[PDB]
Amino acid sequence: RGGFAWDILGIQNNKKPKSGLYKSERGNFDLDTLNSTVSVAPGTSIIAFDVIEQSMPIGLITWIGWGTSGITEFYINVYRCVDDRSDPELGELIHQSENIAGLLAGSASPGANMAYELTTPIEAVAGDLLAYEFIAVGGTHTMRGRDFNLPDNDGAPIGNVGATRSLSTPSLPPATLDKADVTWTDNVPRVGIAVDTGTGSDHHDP
Amino acid sequence: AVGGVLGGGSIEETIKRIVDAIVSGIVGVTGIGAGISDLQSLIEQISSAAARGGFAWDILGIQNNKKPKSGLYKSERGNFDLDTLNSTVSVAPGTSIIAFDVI
Amino acid sequence: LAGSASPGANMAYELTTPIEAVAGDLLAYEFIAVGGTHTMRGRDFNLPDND
Amino acid sequence: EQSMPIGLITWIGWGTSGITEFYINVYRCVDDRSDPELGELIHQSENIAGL
Numbered sequence: 207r208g209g210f211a212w213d214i215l216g217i218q219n220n221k222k223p224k225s226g227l228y229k230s231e232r233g234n235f236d237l238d239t240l241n242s243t244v245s246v247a248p249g250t251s252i253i254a255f256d257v258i259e260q261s262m263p264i265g266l267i268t269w270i271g272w273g274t275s276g277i278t279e280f281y282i283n284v285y286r287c288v289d290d291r292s293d294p295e296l297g298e299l300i301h302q303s304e305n306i307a308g309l310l311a312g313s314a315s316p317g318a319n320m321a322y323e324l325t326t327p328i329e330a331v332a333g334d335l336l337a338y339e340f341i342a343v344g345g346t347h348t349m350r351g352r353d354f355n356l357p358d359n360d361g362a363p364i365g366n367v368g369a370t371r372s373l374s375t376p377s378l379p380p381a382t383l384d385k386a387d388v389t390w391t392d393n394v395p396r397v398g399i400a401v402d403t404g405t406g407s408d409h410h411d412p
Numbered sequence: 156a157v158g159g160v161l162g163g164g165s166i167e168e169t170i171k172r173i174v175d176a177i178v179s180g181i182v183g184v185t186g187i188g189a190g191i192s193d194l195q196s197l198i199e200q201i202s203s204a205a206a207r208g209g210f211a212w213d214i215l216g217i218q219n220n221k222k223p224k225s226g227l228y229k230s231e232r233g234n235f236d237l238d239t240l241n242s243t244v245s246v247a248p249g250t251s252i253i254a255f256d257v258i
Numbered sequence: 310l311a312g313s314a315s316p317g318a319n320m321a322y323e324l325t326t327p328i329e330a331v332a333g334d335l336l337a338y339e340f341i342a343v344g345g346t347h348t349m350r351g352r353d354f355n356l357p358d359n360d
Numbered sequence: 259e260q261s262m263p264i265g266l267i268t269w270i271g272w273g274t275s276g277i278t279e280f281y282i283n284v285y286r287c288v289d290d291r292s293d294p295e296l297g298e299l300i301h302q303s304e305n306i307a308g309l
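Here it is, written out as structure tokens:
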């Protein structure tokens with residue numbers, strides 16, 4: 207019975223369509239709460255926090271958006287956060303993308319589904335607070351999101367449901383980010399994460 | 156020639172009964188003709204499944220893996236998610252208000 | 310309680326001793342006040358009563 | 259999300275004129291896109307019009 211209990215905890219392909227149409231896609235939030243939009247204007251970047259509920263190899267990041275014009279050197283960055291408010295660091299870098307500017311689509315309010323396969327997966331454990339960063343140069347891209355009207359928090363590990371950085375150097379993300387060099391924010395993009403494009407990749411021990 | 160123990164007529168019957176009983180508890184069907192190689196093999200399979208039951212219980216004991224959309228504190232849960240908030244209700248004199256939740 | 314009337318402030322209450330909630334338990338949280346009208350963020354559902 | 263015996267199906271709705279029959283059907287879907295098939299019929303209801 208313990209062996210079967212451990213196998214049920216290893217099902218990755220049991221996530222509801224409201225969270226992402228792929229079998230294994232999680233959201234930072236679900237598609238059913240979408241309300242309005244956020245935009246990636248050069249010299250600023252939008253940061254979305256999430257907590258990994260179940261350990262997984264993250265292999266496919268996804269979002270809904272529009273604005274496949276003016277862009278060169280679009281980048282995704284991922285970093286792993288400090289568990290405590292009081293610490294002067296916010297988090298340590300885990301992933302840099304290559305330039306993904308060619309992957310982008312969409313020209314109207316319904317947007318387009320778009321995706322990024324990590325050329326090697328990232329191992330995230332249960333309870334891990336990740337931060338997803340979106341960066342672009344030339345024009346501005348747009349992402350479906352939530353007008354997430356909330357008060358800033360003075361005690362919890364993260365000050366508000368996302369953040370934004372006034373970044374100077376889009377070609378080079380810091381190895382580390384501080385509590386000080388980032389600003390807490392309400393309007394956040396939906397960020398999706400999946401194991402891979404297809405059914406399978408549930409672990410089943412021999 | 157040596158008299159047995161625990162029901163065995165001989166020490167050969169005693170040891171065979173002990174080994175056959177352990178293997179019959181692991182495999183579930185009562186049987187005979189087990190060896191000490193079965194004893195090691197089948198105890199290694201239980202030990203592995205039991206250790207995985209321990210790891211399963213550890214995962215079910217994580218309190219600290221709730222998304223910030225449910226509350227910014229790493230343990231917070233709540234009766235609704237923050238991304239479905241709309242409008243308000245007022246706690247006011249003479250009429251208290253009740254929120255239900257399931258744990 | 311939070312010293313503003315803007316659209317939100319974060320309020321918190323540590324129990325002097327925890328309460329032992331159990332899986333599948335159904336709990337009710339009641340809120341009471343005197344001398345004013347505390348406004349809580351919530352949801353209006355437009356939901357019918359179930360019998 | 260979790261294995262269960264499905265036993266009761268719910269909705270919130272309105273409409274009670276003209277309708278001579280209502281049917282709910284349940285299908286088990288193929289776990290892939292690129293094959294020709296959507297899914298296999300699990301369940302056909304009796305006429306649900308009384309509900």
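Protein chains in written order, with the entry's author numbering: chain A, 207 to 412; chain B, 156 to 258; chain C, 310 to 360; chain D, 259 to 309.
Backbone N, C-alpha and C define an ideal beta-carbon position, used for all residues, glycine too.
{"Item": "Where residue 319 of chain A meets chain D, residues with beta-carbon distance less than 9 Å", "Value": "Those do not exist, as residue 319 of chain A stays about 13 Å from chain D at its closest Cβ, beyond 9 Å."}
{"Item": "7 Å Cβ cutoff, residue 341 of chain C in contact with chain B", "Value": "yes"}
{"Item": "Partner residues on chain A for residue 290 of chain D, Cβ-Cβ distance less than 8 Å", "Value": "404, 405"}
{"Item": "Contact set for residue 251 of chain A: own chain, Cβ-Cβ below 7 Å, skip 5 residues either direction", "Value": "339, 340, 341, 370, 371, 373"}
{"Item": "Cβ separation of residue 318 of chain C and residue 357 of chain A, assumed to be a contact under 8 Å, to the nearest whole Å", "Value": "5 Å"}
{"Item": "The alpha helix (DSSP H) enclosing residue 265 of chain D, as first and last residue numbers", "Value": "Where residue 265 of chain D is concerned, there is no enclosing alpha helix (DSSP H), given that its DSSP letter is neither H nor E."}
{"Item": "Contact list for residue 316 of chain C against chain A, beta-carbon separation under 7 Å", "Value": "355"}
{"Item": "Chain-ordered residues of the stretch 358-371 of chain A with a beta carbon less than 9 Å from chain C", "Value": "358, 359, 360, 361, 362"}
{"Item": "Endpoints, alpha helix (DSSP H) assigned at residue 182 of chain B", "Value": "166-182"}
{"Item": "Nonlocal neighbours in the same chain, by C-beta distance under 6 Å from residue 383 of chain A, ignoring five residues either side", "Value": "296, 297"}
{"Item": "Simplified DSSP assignment, three categories, for residue 211 of chain B", "Value": "helix"}
{"Item": "Proximity to residue 284 of chain D [Cα-Cα], best of D:309, D:273, D:303", "Value": "D:303"}
{"Item": "Residues from the stretch 327-352 of chain C in contact with chain B, defined by Cβ distance under 9 Å", "Value": "330, 331, 332, 333, 334, 335, 336, 337, 338, 339, 340, 341, 342, 343, 344, 345, 346, 347, 348, 349, 350, 351, 352"}
{"Item": "Range of the contiguous beta strand (DSSP E) that encloses residue 192 of chain A", "Value": "Examination of residue 192 of chain A is not possible in this model, given that chain A is present from 207 through 412 alone."}
{"Item": "Backbone secondary structure at residue 253 of chain A - three-state DSSP", "Value": "strand"}
{"Item": "Inter-residue spacing [alpha-carbon to alpha-carbon] between residue 311 of chain A and residue 230 of chain A", "Value": "23 Å"}
{"Item": "CA-to-CA distance, residue 253 of chain A to residue 216 of chain B, given in whole angstroms", "Value": "30 Å"}
{"Item": "Endpoints, beta strand (DSSP E) assigned at residue 341 of chain A", "Value": "335-343"}
{"Item": "Contact list for residue 222 of chain A against chain D, beta-carbon separation under 9 Å", "Value": "259"}
{"Item": "Straight-line gap, residue 259 of chain A to residue 262 of chain D (C-alpha atoms, nearest Å)", "Value": "22 Å"}
{"Item": "Interface flag, residue 262 of chain B vs chain C, CB-CB below 7 Å", "Value": "Chain B is shown only over 156 to 258; residue 262 of chain B falls outside these bounds and no answer can be derived."}
{"Item": "Buried/exposed call for residue 262 of chain B, threshold 16 Cβ in 10 Å", "Value": "Given that chain B is displayed from residue 156 to residue 258, the structure contains no residue 262 of chain B and the question cannot be resolved."}
{"Item": "Paired residues, beta bridge with residue 407 of chain A - DSSP", "Value": "According to DSSP, which records beta bridges pairwise, residue 407 of chain A is partnered with nothing at all."}
{"Item": "Contact the stretch 179-199 of chain B vs the stretch 218-233 of chain A: 3+ CB pairs below 8 Å", "Value": "no"}
{"Item": "Identity of the residues DSSP links to residue 282 of chain A by a beta bridge", "Value": "A:340"}
{"Item": "Residue from A:291, A:328, A:269, A:247 whose Cα sits closest to the Cα of residue 227 of chain B", "Value": "A:291"}
{"Item": "Residue 245 of chain A, DSSP secondary structure in three states", "Value": "strand"}
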